[PDB]
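First comes one chain, alone, set out as structure tokens in the form deposited in one PDB entry.
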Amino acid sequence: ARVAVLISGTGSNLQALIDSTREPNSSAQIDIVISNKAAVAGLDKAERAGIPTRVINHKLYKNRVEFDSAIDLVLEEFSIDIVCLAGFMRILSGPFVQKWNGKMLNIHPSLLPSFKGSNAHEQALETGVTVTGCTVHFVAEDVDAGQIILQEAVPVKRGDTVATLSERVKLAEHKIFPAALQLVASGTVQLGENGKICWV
């Protein structure tokens, strides 16, 4: 399968995907990396791996549909089969999500359905959980609410900050996101017609 990764930042998740798709027997190759933000490290990581990049600045579009269409143009240009959102921070429009249904994955730093949204670690700390984790899910229109592929629990330590908790959870993310990508790229895991995840 030909894979695009969308990013908005550091790209540590991207890096783990690059590394895993180049291990032997991979069913995926990363063919394009797209950022909505210039000068982010994830772009350097892609370029250092010999993977083309684009910057599509979301602020230059009137609305989300037009921005998403510009993304979609590039995904077509690269004959992309599967899209991975790896620290991508733009909510995608209905029609984009519908088009990519069953073929777009996201990594989220909590055990969904808890702590939906972009500040999951701040929520986990306020709430006082001792166990949090991360989730790979198919992307649905409702944010952080698509069908769950894999999850991994990560302990919260007394005295954690957002930084330390974030780092511990990233280590688990770098395990489950490549694993989930491989599952979907091999056709082992599919989104079924009934809208539920199917293991073949």
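Position 1 is the first residue in the sequence shown; the rest follow in order. Basically, rigid core = biggest C-alpha set you can superpose within 1.5 Å across the two forms.
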{"property": "Per the entry, higher mean C-alpha B factor between 57 to 65 and 144 to 152", "result": "57 to 65"}
{"property": "Between the two ranges 161 to 169 and 24 to 32, the one averaging a larger CA B factor in the entry", "result": "24 to 32"}
{"property": "Among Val74, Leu105, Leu125, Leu112 - the residue whose C-alpha B-factor is largest in the record", "result": "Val74"}
{"property": "For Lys99, the third of its chain into which the C-alpha B factor falls", "result": "highest"}
{"property": "Among modelled residues of the same chain, the CA temperature factor third for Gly192", "result": "highest"}
{"property": "B-factor third for the C-alpha atom of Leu85 within its chain", "result": "lowest"}
{"property": "Ranked against its chain, the third holding the CA B-factor of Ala49", "result": "middle"}
{"property": "Third assignment of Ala1 from its chain's C-alpha B-factors", "result": "highest"}
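The same protein has a further form, the form deposited in another entry, not shown here; the description that follows concerns it.
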item	value
C-alpha of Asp160 off by 2 Å or more between the shown form and the other one on rigid core	yes
